[PDB]
Amino acid sequence: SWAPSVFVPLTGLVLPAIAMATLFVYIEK
Amino acid sequence: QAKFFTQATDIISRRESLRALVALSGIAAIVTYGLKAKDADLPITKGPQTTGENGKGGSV
Amino acid sequence: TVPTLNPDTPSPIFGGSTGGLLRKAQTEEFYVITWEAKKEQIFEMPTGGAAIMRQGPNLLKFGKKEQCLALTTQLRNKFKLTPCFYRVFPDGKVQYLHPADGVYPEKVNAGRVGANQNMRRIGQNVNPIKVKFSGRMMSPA
Amino acid sequence: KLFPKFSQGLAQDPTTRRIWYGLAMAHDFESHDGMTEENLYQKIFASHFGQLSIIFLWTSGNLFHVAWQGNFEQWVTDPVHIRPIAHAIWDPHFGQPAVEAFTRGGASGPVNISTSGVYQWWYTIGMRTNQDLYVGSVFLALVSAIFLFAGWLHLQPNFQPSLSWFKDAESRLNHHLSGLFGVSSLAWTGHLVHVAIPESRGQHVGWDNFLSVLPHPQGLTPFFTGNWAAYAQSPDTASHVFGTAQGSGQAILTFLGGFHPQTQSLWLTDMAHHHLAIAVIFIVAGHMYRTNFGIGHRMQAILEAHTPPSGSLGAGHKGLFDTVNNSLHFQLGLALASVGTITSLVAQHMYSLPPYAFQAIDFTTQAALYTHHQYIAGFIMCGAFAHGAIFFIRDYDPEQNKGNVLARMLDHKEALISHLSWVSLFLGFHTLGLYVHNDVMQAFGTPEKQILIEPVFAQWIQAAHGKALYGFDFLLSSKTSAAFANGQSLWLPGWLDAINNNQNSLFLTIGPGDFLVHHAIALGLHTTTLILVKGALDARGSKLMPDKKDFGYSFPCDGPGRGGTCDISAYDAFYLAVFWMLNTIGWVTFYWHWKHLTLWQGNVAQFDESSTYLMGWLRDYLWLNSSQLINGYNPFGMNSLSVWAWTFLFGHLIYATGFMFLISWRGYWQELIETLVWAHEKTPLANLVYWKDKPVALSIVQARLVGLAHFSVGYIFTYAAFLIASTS
Amino acid sequence: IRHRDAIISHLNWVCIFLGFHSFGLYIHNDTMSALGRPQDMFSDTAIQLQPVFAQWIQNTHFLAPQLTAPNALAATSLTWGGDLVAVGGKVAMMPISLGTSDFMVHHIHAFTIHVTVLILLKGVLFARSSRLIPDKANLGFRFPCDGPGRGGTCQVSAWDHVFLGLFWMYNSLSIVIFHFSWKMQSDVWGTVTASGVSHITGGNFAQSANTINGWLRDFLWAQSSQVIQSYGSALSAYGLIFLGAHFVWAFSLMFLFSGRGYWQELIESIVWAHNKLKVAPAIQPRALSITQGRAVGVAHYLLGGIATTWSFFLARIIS
Amino acid sequence: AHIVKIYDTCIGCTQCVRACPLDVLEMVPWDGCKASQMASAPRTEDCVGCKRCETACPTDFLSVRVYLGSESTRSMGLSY
Ligand SMILES: CC1=C(/C=C/C(C)=C\C=C\C(C)=C\C=C\C=C(C)\C=C/C=C(C)/C=C/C2=C(C)CCCC2(C)C)C(C)(C)CCC1
Ligand SMILES: CC1=C(C/C=C(\C)CCC[C@H](C)CCC[C@H](C)CCCC(C)C)C(=O)c2ccccc2C1=O
Ligand code: SF4
Ligand code: SF4
Ligand code: SF4
């Protein structure tokens, strides 16, 4: 419960959140 | 009122500061209310509260 | 011989349709059609709708050149008329298009040198190994 | 000036298509701007490293979570009655009873059961504790980092290799045959002798002490002496218990044949000798092409010499050296073909001769694997036949191959295609005809009127292999045959014992239900090859379209004129070919699944009697073994088969979207969008937002791929859920 | 014609709306049911989505013989009123209860009808012209395309709209009759015992038809039982037609998924083979048109689908 | 934009110019053919690639070819 409480929601949201953000800017600009 | 909400919403104005605040402080909002682990608020950090069930091939 | 002047003349009767102009006409290139209709007779709006033509000079507004050449061929075949048509840009410039050299492209007019005209049979093209290591295609040789 | 960095043409696209293609164009090097042979090879090389680094990281990941989240140690002690743990699950979406439900094994929370056979793999190789798994995970992670390093390393101008180096085929062949094949299998055999064999004999040998432990009592004396027989002096007893001292021998290299009776897997002594033996053949054979020493063969000279008299093969193989060494797609076609064959090879030998202790007792694992490698093999095959025609288009030199086997191949291609057509129509008509015949007789209550052909030819082969059921008495069946008398005191006692144990999978019993399905599979083979071969040979030109090679490998069509030209490109040929892949290996995997399911269940008479008609497949295979699956939840309650049933429906839903993109095409959707783009632009408030990238309908070729993808994913996932949930 | 764009765009919107708020409900139910959360489901037990209007109208219908239609003795139908009338121990008719499950399926219908209308109306309104093809009118009612130009113009014609309209119609109608059959066997039909009723499927509908899994299992899987074992009986023809209809359905997919470019080249090779043996026909063998490919496709798709449902119901309900 | 080429097998029957919806082709004098005229493609930036031109050609094999190439706002038939 120590590790997977942190790494699951970061891989679930925070990796795709900034990936969809920084890849969007790569496409359009 | 226009003076209340010009002064109040003038430091967050800049666009560069949002990708620094909203992203990192937003992760600090998930990593706070995300890590804070009992039955009180969700049924998984609760965990298994009964003894293990018997499998199909006589397993634990 | 001279290409057409670009004056202000009244467009023919129309209650209006949704098929017409959009953001492209404002920040890209829209299109204008010109002709001298003899009588007032109805025509098919290529972007949908019934519309009555007026006598004398009539101009329309479209955002694609197909919408011209669908109409022009509908004005040229049905009513037996002869329209000119050209582009517009959003800074106020014009590009004269059709007929480019007064003569329509189907019947021959001197002073229109041949472009993209390969002077062999197609099977006398080279194989596409002989066009690697470049930015070229299979026909231009 | 914008992404796609590698294409001006696509980058200047004003629409959303720019995006899609950009994703789609990414790995096609030859089609990028300002590309050269050098950049091509170099990027390919770096990309290979990149692949390797992802593989090693992936493998390390598995080991990591088995060690960190699994019950590896509870398994070793009791392999028969413990369900191997893959991974823990932390799902915030789960309900109270869900968390109880998924807590299987000795787990302190929700867990999933591994069906990869990595447990038995490891365990059989020597892996004993979590520690071992951790150390391996670190190592392979280190190898991943090393490979990444290496990729960027030979990117610098000092370390950039020359094209000549890439074209040194003889050297790569010598090194791969001798080193990559020879040395690495020799070194494995080293691992089996030093670690696996002692581990099976119950003596734990680790990094800290191997050097101090003798694998054989009089070790390395036989080796140099030429008394090799001493290495086979006393094998493990027939009452040997795996991983324990009890019944263990001392031999390190044998030819015993059959299985380790309690585990039902091949003998690690046999495996050792196997790897060692092949290792020698590889090592000797890897000294065959000429490099920097003067001794060795010329490939070019061998190929050009092989032209038969009276020009029955034309110019023979003259010119194939160049057209192969130049053409990369050719190499990928040969590679994928061979790899696909050996993938199914692996699948078909592994099930009937399992190599791992306490595999084959694991039904679910076996089924999962055998489906796995047959589908992988299918895709790989379609791909082989997909870089077939890419050659034919982009690479072939008609002058340079004049009158060779290849040009002559193109010459009579109508014969090839038409005769494949014959062979597929034959099978399609007769097999379907005999099934539907079989169903009608079943329906009218007269199964005695069925047409059931007994597979005499396979039954003969099984007899020649020594199974005695059929009573033909040939070769290894007949006691008065030289073949029998030769090796009877070698390995045949282990062999013959195993072939005739019909509770094992080795050369299962065959009847008329086997007969039909193999001809169904033959239909599968020949037709898929018809699509792929036809697509390859007509990639260049046809009567409808003689200049096809000017367009390339994927194109929507050549217009509606002169009849209509939809799905004309070799691309589309491969696309069509995938559907048969899917259908064919669908049949093969079913065949497999059932014929085992009925073996494990204890009533093989279910299979022999219902496999002779298709309702039998529908009722006795599909309808019966989904009973538990579809029950995973109901209005009353829930059980542990939740995920599979969820994923079952998931797969179906993916499967039907695919139909959407396959059936309905562009013109509808674009005009749909056409009204939507007006709708937006005169909607207030929303007016204030406008798109950067003009919204457009996906291409034809896009629609073609996206359908296929959804279809395949749905296929795979649906079966996987079924296979696993039913077998489990 | 002058405002077609608004009509079609709005129909588009309303259809996405409807799709999400109907299918989405079933997916939501499947997920909650899979995750062990029945109290969160859309169902009479947990979530209530009551058909209040329908219940009102039913209310008004049974009370009508008293107030608004005095000369009428009983109700028009027992599915509104009470008085369960039965003949020969079987239920003729009885009051139909309406709950959450019924709320669901009706909105699925209304979704399906709206989509079908979307396709067909779009087809008719732009048959003559659109932004892509302004001169579509000259090209005909029945025609494949206008090439790979303009990005690609596959299925632009009015015919193609009718084409796709047939599939959605089949879809819609298929859920209706499934709705009908399950509804009837579960909540209405059955035998009449000691002052009580045993329904054919024991009122599982209200609890099972709220999830996709419930249809998959409680309707499809469970009911197909009598068709799948119809062999050796009077009903075996229905098993044969059961399989044959799947065959023909699947067979349609070959035509629907492919294009005549492949087929024409295939035909080139076969024609070679014929000519080699002096057995080539004078009537030059040609692959079907794109349009005919579509027509054959949709025809075999419908015939297969419909015939399978046909063999299903009849063997089921007769046995 | 798309590439459109006319080969020397042209008869100058003019069907391909007369068929085009976007006026890409024109007829020019030549010395090769019985009709004394040949087709030409000077306006391919307006070419959509709908392949009516090809469908209209009587020659065997066709003496107009349209190679679908890099796609621009006009070639994608956009009015928006
Ligand atoms: C698969 C697998 C894995 C992995 C593996 C690997 C990848 C490995 C590698 C590698 C290895 C693990 C290796 C080892 C090696 C060793 C050696 C190699 C040693 C040696 C020694 C010595 C002492 C010798 C010497 C000599 C002599 C004496 C003579 C000749 C020369 C020489 C030098 C050889 C894991 C477990 C993770 C998981 C499971 C499975
Ligand atoms: C297979 C296939 C073909 C080829 C299939 C054809 C031509 C079907 C017609 C074949 C029948 C058997 C021909 C009819 C022959 C007469 C009835 C006479 C026969 C003589 C006696 C036996 C009666 C297409 O034309 C096609 C077109 C567009 C998309 C997909 C496809 C497609 O999938
Ligand atoms: S693909 Fe679409 S466009 Fe190209 S031909 Fe077949 S139908 Fe006409
Ligand atoms: S159609 Fe073929 S022939 Fe008639 S003009 Fe255009 S090119 Fe010359
Ligand atoms: S393709 Fe359509 S548009 Fe481009 S030229 Fe030929 S006809 Fe005119």
# chains A, B, ... in the order shown; residues from 1 in each chain; ligands from 1
$ residues_near_ligand --ligand "ligand 3" --cutoff "9 Å" --atoms "only C-alpha atoms and all ligand atoms" --output "ChimeraX atom specification"
/D:555-561,564-568,665-667,700 /E:144-149,152-155,259-261,290 /F:50
$ closest_atom_pairs --of "chain F" --to "ligand 4" --cutoff "7 Å" --atoms "only C-alpha atoms and all ligand atoms" --output "tab-separated table"
residue	atom	partner	partner_atom_place_in_ligand_line	distance
F:6	CA	ligand 4	7 (S)	6.1
F:10	CA	ligand 4	8 (Fe)	3.6
F:11	CA	ligand 4	3 (S)	4.5
F:12	CA	ligand 4	8 (Fe)	3.9
F:13	CA	ligand 4	4 (Fe)	3.8
F:14	CA	ligand 4	5 (S)	3.9
F:15	CA	ligand 4	4 (Fe)	4.8
F:16	CA	ligand 4	6 (Fe)	3.9
F:17	CA	ligand 4	6 (Fe)	6.0
F:38	CA	ligand 4	8 (Fe)	5.5
F:39	CA	ligand 4	8 (Fe)	5.0
F:53	CA	ligand 4	1 (S)	6.8
F:56	CA	ligand 4	1 (S)	6.0
F:57	CA	ligand 4	1 (S)	3.9
F:58	CA	ligand 4	2 (Fe)	5.9
F:59	CA	ligand 4	2 (Fe)	5.8
F:62	CA	ligand 4	2 (Fe)	6.1
F:63	CA	ligand 4	2 (Fe)	4.8
F:64	CA	ligand 4	7 (S)	5.2
$ residues_around --residues "residue 14 (chain A)" --least-positions-apart "5" --cutoff "9 Å" --atoms "only C-alpha atoms" --output "JSON, numbers by chain"
{"A": [9, 19], "B": [23, 27]}
$ interface_residues --of "chain D" --to "chain C" --cutoff "7 Å" --atoms "only C-alpha atoms" --output "list in words"
residues 33, 34, 35, 36, 394, 395, 396, 547 and 550 of chain D
$ write_last_selection --atoms "C-alpha atoms" --output "PDB file, in the first residue's frame"
ATOM      1  CA  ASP D  33      12.955  13.571 -46.743  1.00  0.00           C
ATOM      2  CA  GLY D  34      16.603  13.671 -47.856  1.00  0.00           C
ATOM      3  CA  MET D  35      17.263  10.036 -46.918  1.00  0.00           C
ATOM      4  CA  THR D  36      20.292   8.008 -47.996  1.00  0.00           C
ATOM      5  CA  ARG D 394      10.454  -0.723 -54.897  1.00  0.00           C
ATOM      6  CA  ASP D 395      13.525  -3.001 -55.149  1.00  0.00           C
ATOM      7  CA  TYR D 396      13.473  -5.404 -58.146  1.00  0.00           C
ATOM      8  CA  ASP D 547       1.638   0.840 -64.084  1.00  0.00           C
ATOM      9  CA  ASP D 550       4.558   3.674 -60.129  1.00  0.00           C
TER      10      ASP D 550
END
$ atom_distance --atom1 "CA of residue 191 (chain E)" --atom2 "CA of residue 86 (chain E)"
9.1 Å
$ interface_residues --of "chain E" --to "chain C" --cutoff "12 Å" --atoms "only C-alpha atoms" --output "list in words"
residues 1, 2, 3, 4, 5, 6, 7, 8, 9, 125, 126, 127, 128, 129, 130, 131, 132, 133, 134, 135, 136, 137, 138, 139 and 150 of chain E
$ residues_near_ligand --ligand "ligand 5" --cutoff "6 Å" --atoms "only C-alpha atoms and all ligand atoms" --output "ChimeraX atom specification"
/F:20-24,47-53
$ residues_near_ligand --ligand "ligand 1" --cutoff "7 Å" --atoms "only C-alpha atoms and all ligand atoms" --output "number ranges by chain"
D: 60, 63, 122, 133, 136-137, 139-140
$ residues_near_ligand --ligand "ligand 2" --cutoff "10 Å" --atoms "only C-alpha atoms and all ligand atoms" --output "count of residues only"
33
$ residues_around --residues "residue 5 (chain F)" --least-positions-apart "2" --cutoff "9 Å" --atoms "only C-alpha atoms" --output "VMD selection string"
(chain C and resid 115 to 118 139 to 140) or (chain F and resid 3 7 39 to 41 63 to 67)
$ write_last_selection --atoms "N, CA and C atoms" --output "mmCIF file, in the first residue's frame"
data_model
loop_
_atom_site.group_PDB
_atom_site.id
_atom_site.type_symbol
_atom_site.label_atom_id
_atom_site.label_comp_id
_atom_site.auth_asym_id
_atom_site.auth_seq_id
_atom_site.Cartn_x
_atom_site.Cartn_y
_atom_site.Cartn_z
ATOM 1 N N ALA C 115 2.364 21.539 -70.221
ATOM 2 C CA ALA C 115 2.938 21.328 -68.872
ATOM 3 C C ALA C 115 2.627 19.901 -68.398
ATOM 4 N N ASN C 116 3.580 19.270 -67.699
ATOM 5 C CA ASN C 116 3.493 17.879 -67.170
ATOM 6 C C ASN C 116 3.136 16.917 -68.311
ATOM 7 N N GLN C 117 3.738 17.106 -69.492
ATOM 8 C CA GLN C 117 3.502 16.280 -70.710
ATOM 9 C C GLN C 117 4.682 15.320 -70.915
ATOM 10 N N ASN C 118 4.548 14.070 -70.463
ATOM 11 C CA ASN C 118 5.559 12.997 -70.671
ATOM 12 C C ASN C 118 5.509 12.574 -72.143
ATOM 13 N N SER C 139 7.375 9.041 -62.810
ATOM 14 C CA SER C 139 6.908 9.559 -64.126
ATOM 15 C C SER C 139 7.806 10.662 -64.696
ATOM 16 N N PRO C 140 8.522 11.493 -63.891
ATOM 17 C CA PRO C 140 9.078 12.748 -64.403
ATOM 18 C C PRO C 140 10.276 12.575 -65.351
ATOM 19 N N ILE F 3 -0.196 15.201 -58.614
ATOM 20 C CA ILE F 3 0.497 15.280 -59.929
ATOM 21 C C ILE F 3 -0.424 14.763 -61.027
ATOM 22 N N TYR F 7 0.461 11.699 -71.438
ATOM 23 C CA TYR F 7 1.504 10.973 -72.186
ATOM 24 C C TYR F 7 1.235 11.169 -73.672
ATOM 25 N N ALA F 39 -3.328 16.980 -74.844
ATOM 26 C CA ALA F 39 -3.759 17.485 -73.520
ATOM 27 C C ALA F 39 -2.580 17.888 -72.640
ATOM 28 N N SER F 40 -2.831 18.818 -71.721
ATOM 29 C CA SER F 40 -1.807 19.437 -70.865
ATOM 30 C C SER F 40 -2.376 19.782 -69.491
ATOM 31 N N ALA F 41 -1.525 19.779 -68.483
ATOM 32 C CA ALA F 41 -1.949 19.990 -67.078
ATOM 33 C C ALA F 41 -1.188 21.136 -66.403
ATOM 34 N N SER F 63 -3.943 7.842 -71.296
ATOM 35 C CA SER F 63 -2.875 8.779 -71.670
ATOM 36 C C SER F 63 -2.909 9.990 -70.748
ATOM 37 N N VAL F 64 -3.798 9.951 -69.756
ATOM 38 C CA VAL F 64 -3.724 10.813 -68.566
ATOM 39 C C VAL F 64 -3.480 9.919 -67.371
ATOM 40 N N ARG F 65 -2.577 10.350 -66.495
ATOM 41 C CA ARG F 65 -2.378 9.682 -65.195
ATOM 42 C C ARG F 65 -2.383 10.712 -64.080
ATOM 43 N N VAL F 66 -3.086 10.374 -63.011
ATOM 44 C CA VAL F 66 -3.119 11.200 -61.779
ATOM 45 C C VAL F 66 -2.458 10.423 -60.648
ATOM 46 N N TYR F 67 -1.308 10.926 -60.214
ATOM 47 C CA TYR F 67 -0.554 10.403 -59.073
ATOM 48 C C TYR F 67 -0.880 11.271 -57.878
#
$ select_by_dssp --residues "region 101-288 of chain E" --states "strand (DSSP E or B)" --output "list in words"
residues 145, 154, 190, 191, 192, 197, 198 and 199 of chain E
$ closest_residue --among "F:37, F:9, F:70, F:75" --to "chain D" --atoms "only C-alpha atoms"
F:70
$ residues_around --residues "residue 258 (chain D)" --least-positions-apart "6" --cutoff "6 Å" --atoms "only C-alpha atoms" --output "list in words"
residues 494, 495 and 498 of chain D
$ write_last_selection --atoms "C-alpha atoms" --output "PDB file, in the first residue's frame"
ATOM      1  CA  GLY D 494      11.713 -43.888 -22.819  1.00  0.00           C
ATOM      2  CA  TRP D 495      10.207 -42.947 -26.191  1.00  0.00           C
ATOM      3  CA  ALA D 498       5.699 -41.945 -23.707  1.00  0.00           C
TER       4      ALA D 498
END
$ closest_residue --among "B:44, B:12, B:29, B:60" --to "chain E" --atoms "only C-alpha atoms"
B:44
